[PDB]
Amino acid sequence: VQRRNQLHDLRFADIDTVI
Amino acid sequence: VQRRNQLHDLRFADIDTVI
Amino acid sequence: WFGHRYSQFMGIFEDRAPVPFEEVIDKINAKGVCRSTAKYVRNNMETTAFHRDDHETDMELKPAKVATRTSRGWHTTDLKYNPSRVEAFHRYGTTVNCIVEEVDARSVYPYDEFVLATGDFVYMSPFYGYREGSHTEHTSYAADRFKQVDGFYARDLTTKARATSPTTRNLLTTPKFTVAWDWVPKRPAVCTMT
Amino acid sequence: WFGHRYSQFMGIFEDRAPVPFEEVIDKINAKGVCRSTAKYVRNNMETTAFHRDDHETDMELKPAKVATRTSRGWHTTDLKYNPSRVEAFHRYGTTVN
């Protein structure tokens with residue numbers, strides 16, 4: 001559960017782009 | 001993990017002092 | 001919110017910000033200090049937080065309070081900063097606490113990721129690197145989130161003593177923290193038989 | 001909060017809202033799209049959030065980024081919306097994914 005939930009931003013978001 | 005994370009304030013913060 | 005004869009927390013926004021690579025090398029490992037400011041990318045925005053809403057200063061890392069069956073830790077601030085009272089007003093106060101924690105890390109086969117004692121996953125192979133074909137190991141992060149330092153000498157935060165033997169230091173900046181560990185070749189380090 | 005030469009998150013309120021039944025049937029299952037707005041009951045109040053604080057539109061569901069040993073996922077937005085800079089002000093921005 002921790003593994004799959006902590007992948008949430010890597011799957012559904014973008015952690016690198018700065019607007 | 002719960003034990004070590006719930007010690008966080010008792011290690012890195014102060015839970016008693018009132019400014 | 002500062003009411004009459006009482007104060008109430010309207011909100012407490014709590015975040016964990018990675019320490020940049022240059023701060024880990026130049027400030028923490030070289031001088032045992034942290035910047036009082038946290039500048040990091042959160043929610044696709046560059047955000048900057050100032051401790052006590054003051055100017056940036058270098059603050060000494062001191063050992064954390066001892067806890068049983070707990071690894072070593074260091075931090076800069078032990079008190080939360082709240083804004084001074086102004087009646088009939090909402091005010092904001094920023095606290096920045098630089099925290100360094102030695103943790104145990106565990107990885108299961110095929111060793112494409114590992115976990116920390118805090119329960120945080122790192123989606124990079126423990127054996128990822130730049131040499132001996134370790135660049136083919138799994139990584140989920142961007143290339144600029146990873147750094148490898150050759151001839152790295154670890155300076156202890158408590159005894160202030162520089163390490164005798166150099167290591168190859170892997171540093172990875174996740175959106176919440178930065179994790180550093182010694183790089184070793186995979187084949188001599190792990191096995192599927194005991 | 002937009003200070004001078006710097007911006008800081010005063011707060012980030014994160015919530016998960018259920019997709020109404022009619023949206024699951026008529027929009028997601030029939031057309032593979034989601035409304036850009038989230039209307040739901042939270043804390044005994046009907047709350048409505050607009051993506052980017054704009055008018056409601058239909059947004060296509062696209063496959064999520066691949067990860068190892070994870071199941072299939074789809075989402076509409078990959079970027080978090082933050083309010084544009086206005087100096088010496090607190091501003092709010094809404095993201096609906």
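These numbers come from the heavy atoms of this one structure, side chains and all, not from hydrogens, waters or symmetry mates. A, B, ... follow the sequence lines: proteins, then strands. Residue 1 opens every chain.
Considering every non-hydrogen atom in both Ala13(A) and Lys65(D), the closest pair reads O-NZ, 3.3 Å.
At least one side-chain heavy atom of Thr68(D) sits less than 4.5 Å from a side-chain heavy atom of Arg3(A). Contact annotation: the side chain of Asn97(D) approaches that of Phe12(A) to within less than 4.5 Å [non-hydrogen atoms, C-beta and beyond].
Environment of CZ in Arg69(D): crowded, with over 12 heavy atoms of neighbouring residues, nucleotides or ligands closer than 6.0 Å. Applying the 6.0 Å contact sphere to NZ of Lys62(D) captures more than 12 heavy atoms from other residues, nucleotides or ligands. Remark: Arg72(D) CZ is loosely packed, at most 12 non-hydrogen atoms of other residues, nucleotides or ligands lying under 6.0 Å away. More than 12 non-hydrogen atoms from other residues, nucleotides or ligands lie less than 6.0 angstrom from CD of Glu22(D).
Among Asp9(A), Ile19(A), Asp14(A), the residue with the largest count of heavy-atom pairs under 4.5 Å with chain D is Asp14(A). Interface summary for chain A: among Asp78(D), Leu79(D), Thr77(D), the most heavy-atom pairs under 4.5 angstrom belong to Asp78(D).
Both the backbone and the side chain of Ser71(D) have a heavy atom closer than 4.5 Å to some heavy atom of chain A. For a residue to count as touching a neighbouring chain, one of its non-hydrogen atoms must lie under 4.5 Å from one of that chain's; by this rule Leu7(A) touches chain D with the side chain only. For a residue to count as touching a neighbouring chain, one of its non-hydrogen atoms must lie under 4.5 Å from one of that chain's; by this rule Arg11(A) touches chain D with backbone and side chain alike. Within the 4.5 angstrom heavy-atom criterion, no atom of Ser84(D) approaches chain A.
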